[PDB]
Amino acid sequence: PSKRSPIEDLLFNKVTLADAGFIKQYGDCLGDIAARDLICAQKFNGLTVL
Amino acid sequence: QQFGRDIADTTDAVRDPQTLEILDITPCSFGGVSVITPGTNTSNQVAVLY
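Residues numbered from 1 in each chain as written, not as in the entry; some residues may be left out. Chains lettered and ligands numbered in written order. Part of a larger assembly, values for the part shown. Heavy atoms only, no water.

Its PDB header attributes the entry to cryo-EM and lists the resolution as 2.39 Å.

Spelled out as structure tokens, the structure:
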């Protein structure tokens with residue numbers, strides 16, 4: 001579905017992003033989709049990732 | 001123990017002094033608001049991004 005080449009697939013699966021690529025919080029931290037401990041704890045203090 | 005705590009020394013839970021039940025505290029909704037404007041020279045309409 002991603003329309004990516006195999007090398008691009010390997011590259012995307014080796015960088016974990018540190019779970020920092022999340023923006024929205026409601027619905028209980030997006031039902032754990034966004035890492036709770038890091039993202040939600042940070043952004044309850046006015047820290048957002050655009 | 002009467003009060004929980006979080007990374008930022010913020011109380012994430014509290015024991016009810018009467019029903020002895022533990023309640024989680026979460027801050028209520030907040031976020032930035034942006035205004036998309038096509039320029040006053042063009043129109044006075046605006047869109048709002050929450």
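## Here we look at the overall build of chain A
Summing up its helical and strand segments, chain A has 3 helices and 0 strands in all. Seen in sequence order, chain A has helices and strands lined up from the N terminus as α-α-α. Here the C-alpha atoms of chain A give a radius of gyration of 14 Å, more than 25% beyond the 10 Å that 2.2 N^0.38 yields for 50 residues. When its C-alpha atoms are laid out on the principal axes, chain A stretches across 40 × 20 × 20 Å. By the burial criterion, 16% of the 50 residues in chain A qualify as buried. Side-chain charges in chain A split into 6 positive and 6 negative, and the spacing between the mean points of these groups amounts to 6 Å. (Helix = DSSP H or I, 4+ residues; strand = E, 2+ residues; numbered from the N terminus. Rg over C-alpha atoms; globule rule 2.2 N^0.38 Å. Buried < 20%, exposed > 50% of the residue type's maximum accessible area, 1.4 Å probe, protein only. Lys, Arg positive; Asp, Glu negative; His and termini not counted. Charge placed at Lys NZ, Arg CZ, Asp CG, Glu CD.)

## Digging into the UniProt feature "disulfide bond" in chain A
Residues and elements named next belong to chain A. A sulfur-sulfur distance of 2.0 Å is found for the UniProt-listed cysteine pair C29 and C40, consistent with formation of the disulfide (criterion: under 2.5 Å). Taken together, the residues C29 in helix α2 (residues 26–31) and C40 in helix α3 (residues 36–43) connect sequence positions 11 residues apart. Among the residues examined, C29 registers a relative accessible area of 7% and is labelled buried. (Disulfide = S-S within 2.5 Å. UniProt positions renumbered as here; feature names shortened; annotations may be inferred.)

## Details of the state of the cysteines
Considering all chains together, one arrives at 1 disulfide over all chains under this definition. One disulfide in the model links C29 of chain A with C40 of chain A; its S-S distance is 2.0 Å. Considering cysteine sulfurs only, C29 of chain A is the nearest to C28 of chain B, which forms no disulfide, with 15 Å between them.

## Notes on the pattern of salt bridges
The final tally for this structure, using the stated rule, is 2 salt bridges over all chains. A salt bridge links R4 of chain A to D9 of chain A, with the shortest nitrogen-to-oxygen separation between them at 2.9 Å. The exposure class assigned to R4 of chain A is partly exposed, which follows from its relative accessible area of 34%. Here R5 of chain B ties to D9 of chain B by a salt bridge, and the two come within 3.5 Å at their closest N and O atoms. The exposed category is assigned to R5 of chain B, whose relative accessible area is 60%. (Salt bridge = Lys/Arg side-chain N within 4 Å of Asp/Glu carboxyl O.)

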